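Reminder, nothing fancy here: chain letters follow the sequence lines and each chain counts from 1. Hydrogens, waters and symmetry mates are skipped; everything else that's a heavy atom, side chains included, is used.
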Amino acid sequence: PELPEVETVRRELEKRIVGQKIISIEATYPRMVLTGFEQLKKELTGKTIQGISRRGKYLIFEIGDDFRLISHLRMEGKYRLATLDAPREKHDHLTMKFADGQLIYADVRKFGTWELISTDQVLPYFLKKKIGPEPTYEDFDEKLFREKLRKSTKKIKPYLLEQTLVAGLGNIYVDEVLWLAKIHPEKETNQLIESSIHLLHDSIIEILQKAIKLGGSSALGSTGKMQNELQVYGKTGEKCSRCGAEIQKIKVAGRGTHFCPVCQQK
DNA sequence: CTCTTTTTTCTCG
DNA sequence: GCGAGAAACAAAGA
Ligand SMILES: [Zn+2]
């Protein structure tokens with residue numbers, strides 16, 4: 001789950017669970033609640049879900065007057081809305097039970113996290129994480145982006161993955177964006193010229209907007225269509241749609257990295 | 001059997 | 001401060 005998938009889950013949850021009173025909460029893996037599971041159970045039992053927001057790849061449940069449950073799905077987390085009599089599945093860890101169904105969180109690798117904080121702690125929480133701007137025309141200012149790139153000698157793919165230039169890209173969309181903007185993932189950012197930075201900035205907004213519209217790439221979220229539009233990620237050895245070269249895969253700062261060697265000149 | 005592969009945040013030098 | 005590497009964890013493939 002990168003930002004488009006997290007947004008897809010957000011929208012689905014907004015439609016289905018807003019207004020629901022939480023009747024009980026149970027955990028088979030309480031250690032993934034970083035603020036303390038029994039504390040969360042005591043605070044949130046009986047409260048009503050008022051909204052669901054998102055910041056970068058983080059989901060934010062708005063519960064009761066002043067609670068915010070910040071949920072990160074990391075690599076494999078999945079939510080589903082199930083009947084109250086639904087059978088347990090192996091990697092289910094937490095559930096919020098409502099009167100007419102339950103929201104279950106599963107995560108094979110156990111990396112995902114829940115943290116309960118108050119409303120007035122949300123903005124500080126994200127400042128402390130140093131998360132950069134949302135990828136929208138309004139919030140993602142190209143001028144600061146350009147200045148940050150000009151001053152760094154980091155490589156472009158790992159710098160984009162830091163979430164500090166702009167929030168929301170992970171391995172799939174970083175590789176897709178760099179192919180679309182014709183930039184090689186190992187390019188040192190201080191080597192990018194103004195026109196390439198402008199194409200990169202717009203391509204980040206466009207590609208994530210597109211992915212959100214198509215319901216993300218593939219429980220909640222499972223209906224996505226963006227996977228059918230990927231041009232490079234997981235396409236090793238297939239032909240680039242623009243130039244016909246084979247897509248290559250290399251390792252860049254520990255991550256699998258897919259690119260077209262003609263279109264993305266080193 | 002071993003090794004590699006698949007978001008965030010740490011240690012190490 | 002930096003980058004390289006790895007850990008947190010589970011499972012599948014070679
Ligand atoms: Zn190409």
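A negative value of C1'-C2'-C3'-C4' puts the sugar of B:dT9 in the south, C2'-endo-like family. When the pucker is read from the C1'-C2'-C3'-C4' torsion, the sugar belonging to B:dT7 turns out south, on the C2'-endo side.
Look at CG on A:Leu3: it is 16 Å from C1' on B:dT8, rounded to the nearest Å. Rounded to whole angstrom, the span from the NE2 atom of A:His72 across to the P atom of B:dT7 amounts to 8 Å. As a whole-Å value, the separation of A:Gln163 CD from B:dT7 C1' is 8 Å. For A:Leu73 and B:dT7, the CG to P distance is 11 Å, given to the nearest whole Å. Atom CG of A:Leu161 is separated from atom P of B:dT7 by 7 Å (rounded to the nearest Å). Remark: P of B:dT7 and CG of A:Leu59 are 14 Å apart, rounded to the nearest angstrom.
With a heavy-atom cut-off of 4.0 Å to chain A, the contacted part of DNA chain C has its first and last nucleotide at C:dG3 to C:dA11.
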**Item:** Pairing annotation in dot-bracket form, given for DNA chain B with Watson-Crick or G-U pairs under 3.5 Å and | for cross-strand partners
**Value:** .||||||||||||
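Contacts with DNA chain B (heavy atom under 4.0 Å) in residues 105-115 of chain A: A:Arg109, listed by number.
With sequence neighbours excluded, the residues forming a side chain to side chain contact (heavy atoms under 4.5 Å, CB included) with A:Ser203 are A:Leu180, A:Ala181, A:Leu199, listed by chain and number. Partners of A:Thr83 by side-chain hydrogen bond (donor to acceptor under 3.5 Å, both in side chains), not counting sequence neighbours, listed by chain and number: A:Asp85.
Between A:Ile49 and A:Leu13, the closest side-chain pair of non-hydrogen atoms is not below 4.5 Å.
Atom CD1 of A:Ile17 sits about 7.5 Å away from atom CD1 of A:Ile63, to the nearest 0.5 Å. Annotation: the span from A:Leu220 atom CG to A:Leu103 atom CG amounts to 7.0 Å, rounded to 0.5 Å.
For the side chain to side chain contact (heavy atoms under 4.5 Å, CB included) with A:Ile52, the lone residue among A:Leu59, A:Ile60, A:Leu69 that qualifies is A:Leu59. With A:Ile183 as the fixed residue, the side chain to side chain contact (heavy atoms under 4.5 Å, CB included) test singles out one of A:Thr189, A:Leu192, A:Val177, A:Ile197: A:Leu192.
Using a 4.0 Å heavy-atom cutoff across all strands shown, A:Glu76 reaches no nucleic acid atom at all. No contact: A:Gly254 has no heavy atom under 4.0 Å from any strand.
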At a cut-off of 3.5 Å, list every protein nitrogen or oxygen paired with a nitrogen or oxygen from nucleotides 2-5 of chain B, distance to 0.1 Å.
unit_1: B:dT5; atom_1: OP2; unit_2: A:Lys251; atom_2: NZ; d: 3.3

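A cation-pi arrangement, defined by a distance under 6.0 Å to the six-membered ring centre and an angle within 45 degrees of its axis, is absent between A:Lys41 and A:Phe37. In this structure, A:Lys47 forms no cation-pi arrangement with A:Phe67, as its terminal cationic atom is not both closer than 6.0 Å to the ring centre and no more than 45° off the ring axis.
The aromatic rings of A:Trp114 and A:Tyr79 sit parallel, their planes meeting at an angle under 30°, below the 60° perpendicular limit.
When the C1' atom is used for both B:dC10 and C:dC9, the distance is 16 Å, rounded to whole Å. Only the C1' atoms considered, B:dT6 is 22 Å distant from C:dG3, to the nearest whole Å.
Side chains of A:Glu142 and A:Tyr137: no donor on one and acceptor on the other come within 3.5 Å. Using modelled atom types, one finds no donor on one side chain facing an acceptor on the other under 3.5 Å when comparing A:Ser71 with A:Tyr105. Side-chain N/O atoms of A:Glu5 and A:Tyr173 include a donor and acceptor closer than 3.5 Å.
Taking 4.0 angstrom as the limit, A:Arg255 places a side-chain polar atom (N or O) nearer than this to OP1 or OP2 of B:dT7.
Salt bridge A:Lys157/A:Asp175: present, at least one basic N to carboxylate O contact under 4.0 Å.
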